[PDB]
Amino acid sequence: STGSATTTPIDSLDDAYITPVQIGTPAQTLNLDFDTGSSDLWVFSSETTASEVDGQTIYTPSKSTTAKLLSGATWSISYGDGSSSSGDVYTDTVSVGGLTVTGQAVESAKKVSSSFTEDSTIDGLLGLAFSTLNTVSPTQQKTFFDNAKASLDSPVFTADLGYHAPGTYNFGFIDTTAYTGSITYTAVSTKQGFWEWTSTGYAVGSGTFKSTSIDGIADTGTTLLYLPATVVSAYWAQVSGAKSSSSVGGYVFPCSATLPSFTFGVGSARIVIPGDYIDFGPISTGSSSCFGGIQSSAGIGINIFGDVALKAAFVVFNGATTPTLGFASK
């Protein structure tokens, strides 16, 4: 089997992407944030504290003939941005782009943090990291991909995120029309539960490539590119007036700037992030200070190849017995 679903930016900055997901019988379609940095499929629901729901579409298990309470199971998750959610668990039928999994754990939120409430466009998350990170207790649950894997034509999914445009998540096949040149594959460590890999270096604009190992995670659920302070400083030094602002929470730059590109290495291959992808616009409405899309990972504890990086590539998440990651230009 295979599946193919379009993923759509939630706003004009590509802050996140939502993908329609069918849950239950008859189908209830919710727009979920596919997150290769976590491993829980959770949804706003009929159980979510009413004051914490503001415009989201909810899953109502009592209206699904295939829903079953997973008795005794609870979940609770905290994300890198400080947001969180928690609740109980149902199993139900879940379909993405025509690919169906029966008996998928659907984590029903009883509580969500303010950032979730305030974002009416995201109805929940669909985790695509390794199932070892799943938070369900006392019986850990599998991700949608893990459950689908054996049925897939090939044990892979691909992320093809758009810049200010829709893109695609495919399951079970590699669309050879969706990229240019060849795909370069690179080793993955699953030791921390992430799609963790080592970039071979970077360049800023038209500058020379610096060969240096940068360990990080491929994370579709993180907006920006978070890299070591040395790398980030070298980038922003090429933008007149750019500075790190403790009050704003990162590097800012004059909105009048033209940003240089940023290149990262994948083995001997190179992925180029155009400068425009690094512009996250005014820090507040009407400001002439703009927020940068490359930020320091210092104090996160891990480097993160978030959407800024991933949307410059066609990315293969190869879930074979020995997982790997592939990157192609597009």
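Reckoned from all heavy atoms, side chains included, excluding hydrogens, waters and symmetry mates. Heads up: numbering here begins at 1 and tracks the sequence.
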Quiz item: With side chains defined as the heavy atoms from C-beta onward, is the minimum distance between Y169 and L161 less than 4.5 Å?
Solution: yes
Practice problem: Might you work through the side-chain contact (heavy atoms from CB on, under 4.5 Å) test for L225 and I273, ending with a clear yes or no? | Solution: CA-CA 10 Å; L225 174 54; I273 305 170; 3.7 Å; yes
Quiz item: Taking the six-membered ring for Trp, is the centroid-to-centroid distance between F291 and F280 below 6.0 Å?
Solution: no
Exercise. Could you tell me which non-hydrogen atom of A16 sits nearest to which non-hydrogen atom of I122, and how far apart they are?
Key: CB-CD1, 4.1 Å
Quiz item: Of the non-hydrogen atoms in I174 and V156, which two are nearest, and what is the gap between them?
Solution: CG1-CG2, 4.3 Å
Practice problem: State whether a side-chain donor-acceptor pair under 3.5 Å links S83 with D81. | Solution: yes
Quiz item: Quick one: do the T223 and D15 side chains pair a donor with an acceptor below 3.5 Å?
Solution: no
Quiz prompt | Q22 side chain vs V96 backbone, donor-acceptor pair below 3.5 Å | solution = no
Quiz item: Is there a side-chain contact between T135 and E107 (heavy atoms, below 4.5 Å)?
Solution: yes
Quiz prompt | From OG1 (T2) to CG (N170), nearest 0.5 Å | solution = 8.0 Å
Quiz item: What heavy-atom pair brings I278 and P260 nearest, and what distance separates the two atoms?
Solution: CD1-O, 3.8 Å
Quiz item: Looking just at side-chain N and O atoms, do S38 and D35 make a donor-acceptor pair shorter than 3.5 Å?
Solution: yes
Self-check item: Verdict with reasoning, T7 to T19, per side-chain hydrogen bond (donor to acceptor under 3.5 Å, both in side chains)
Solution: CA-CA 5 Å; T7 193; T19 308; 2.9 Å; yes
Practice problem: Please step through side-chain contact (heavy atoms from CB on, under 4.5 Å) for the pair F130 and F145, ending with a clear verdict. | Solution: CA-CA 9 Å; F130 293 87; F145 178 54; over 6 Å; no
Self-check item: Whether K330 side chain and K311 backbone form a donor-acceptor pair below 3.5 Å
Solution: yes
Quiz item: Do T158 and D175 come close enough that some side-chain heavy atom pair is under 4.5 Å?
Solution: no
Quiz item: Looking only at atom types and distance, does a side-chain atom of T48 sit under 3.5 Å from a main-chain N or O of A109, one as donor and one as acceptor?
Solution: yes
Exercise. Take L32 and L41 through the side-chain contact (heavy atoms from CB on, under 4.5 Å) test and state the conclusion after the steps.
Key: CA-CA 9 Å; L32 304 188; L41 192 176; 4.0 Å; yes
Quiz item: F264 ring centre to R270 NZ or CZ under 6.0 Å, with the angle to the axis within 45°?
Solution: no
Quiz item: Is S84 reaching over with its side chain to a backbone N or O of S113, donor-acceptor style, under 3.5 angstrom?
Solution: no
Practice problem: Identify the heavy atoms of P323 and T190 that sit nearest to each other, and give their distance. | Solution: CG-CG2, 4.2 Å
Practice problem: Answer with yes or no whether the side chains of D88 and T74 bring together a donor and an acceptor at under 3.5 Å. | Solution: no
Practice problem: State whether the number of non-hydrogen atoms from other residues, nucleotides or ligands found under 6.0 Å of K210 atom NZ is greater than 12. | Solution: no
Quiz item: Name the one of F317, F314, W197, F305 that satisfies ring pair (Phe, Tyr, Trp, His ring centres under 6.0 Å) with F327?
Solution: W197
Quiz item: Looking at CG of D219 and CD1 of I304, how far apart are the two atoms once the value is rounded to the nearest 0.5 Å?
Solution: 6.0 Å
Exercise. Just do the side-chain contact (heavy atoms from CB on, under 4.5 Å) check on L125 and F34 with the steps written out, would you?
Key: CA-CA 6 Å; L125 266 66; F34 282 24; over 6 Å; no
Self-check item: Close side-chain approach of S261 and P274, heavy atoms under 4.5 Å
Solution: no
Self-check item: Donor-acceptor contact present, side-chain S296 to main-chain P228, <3.5 Å
Solution: no
Self-check item: Backbone N/O of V112 and side chain of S85: donor-acceptor pair under 3.5 Å
Solution: no
Exercise. Look up atom OG1 in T198 and atom CG in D215, then write down how far apart they are to the nearest 0.5 Å.
Key: 4.5 Å
Quiz item: How about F144 and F171: are their ring centroids closer than 6.0 Å?
Solution: yes
Quiz item: So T117 and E52, side-chain hydrogen bond (donor to acceptor under 3.5 Å, both in side chains) or not? Walk me through it.
Solution: CA-CA 5 Å; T117 298; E52 295 178 351; 5.4 Å; no
Self-check item: Common cluster, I300/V232, ILVMFWY with side-chain heavy-atom separation under 4.5 Å
Solution: yes
Self-check item: Non-hydrogen side-chain atoms of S131 and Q141 separated by less than 4.5 Å
Solution: no
Quiz prompt | Distance-only donor-acceptor check, side chains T25 and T66, under 3.5 Å | solution = yes
Quiz item: Looking at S64 and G24, what are the two nearest heavy atoms and their distance?
Solution: OG-CA, 3.2 Å
Quiz item: Is there a donor-acceptor contact under 3.5 Å from the side chain of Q140 to the main chain of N134?
Solution: yes
Quiz item: Under the 3.5 angstrom rule, does the side chain of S45 hit a backbone N or O of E47 as a donor-acceptor pair?
Solution: yes
Quiz prompt | Full working for ring pair (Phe, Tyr, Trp, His ring centres under 6.0 Å) between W42 and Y59 | solution = CA-CA 10 Å; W42 74 261; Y59 169 58; over 10 Å; no
Quiz item: If every non-hydrogen atom of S1 is compared with every non-hydrogen atom of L99, which pair is closest and at what distance?
Solution: OG-CD1, 3.3 Å
Quiz item: Do you see a donor-acceptor pair shorter than 3.5 Å between the side chains of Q295 and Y235?
Solution: no
Quiz item: Taking the six-membered ring for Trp, are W195 and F157 parallel (under 30°), tilted (30 to 60°) or perpendicular (over 60°)?
Solution: perpendicular
Self-check item: Close side-chain approach of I10 to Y17, heavy-atom, < 4.5 Å
Solution: no
Quiz item: Is there a path from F173 to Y185 through hydrophobic residues (I, L, V, M, F, W, Y) whose side chains come within less than 4.5 Å of each other?
Solution: no
Quiz item: For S297 and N303, does a side-chain donor sit closer than 3.5 Å to a side-chain acceptor?
Solution: yes
Quiz prompt | Polar side chain donor-acceptor pair, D54 to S120, under 3.5 angstrom | solution = no
Quiz prompt | Spacing of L126 atom CG and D33 atom CG [to the nearest 0.5 Å] | solution = 9.5 Å
Quiz item: Would a distance-only check, ignoring hydrogens and angles, find a side-chain to backbone donor-acceptor pair under 3.5 Å from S199 to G265?
Solution: yes
Self-check item: Hydrophobic cluster membership, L13 vs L259, 4.5 Å side-chain cutoff
Solution: yes
Quiz item: Are side-chain N/O atoms of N147 and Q104 paired as donor and acceptor at under 3.5 Å?
Solution: yes
Quiz item: Is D123 reaching over with its side chain to a backbone N or O of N31, donor-acceptor style, under 3.5 angstrom?
Solution: yes
Self-check item: Contact check, side chains of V89 and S108, non-hydrogen atoms, under 4.5 Å
Solution: no
Self-check item: Separation between CG of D11 and OG1 of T8, rounded to the nearest 0.5 Å
Solution: 12.0 Å
Quiz item: Do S247 and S245 meet the criterion of a side-chain donor-acceptor pair at a distance under 3.5 Å?
Solution: yes
Self-check item: Cluster link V272 to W236, ILVMFWY, side chain under 4.5 Å
Solution: no
Quiz item: Which distance, rounded to the nearest 0.5 Å, do you find between the CG of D146 and the OG of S39?
Solution: 9.0 Å
Quiz prompt | Path from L69 to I23 over hydrophobic side-chain contacts below 4.5 Å | solution = yes
Quiz item: Taking side chain as C-beta onward, heavy atoms only, is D307 less than 4.5 Å from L224?
Solution: no
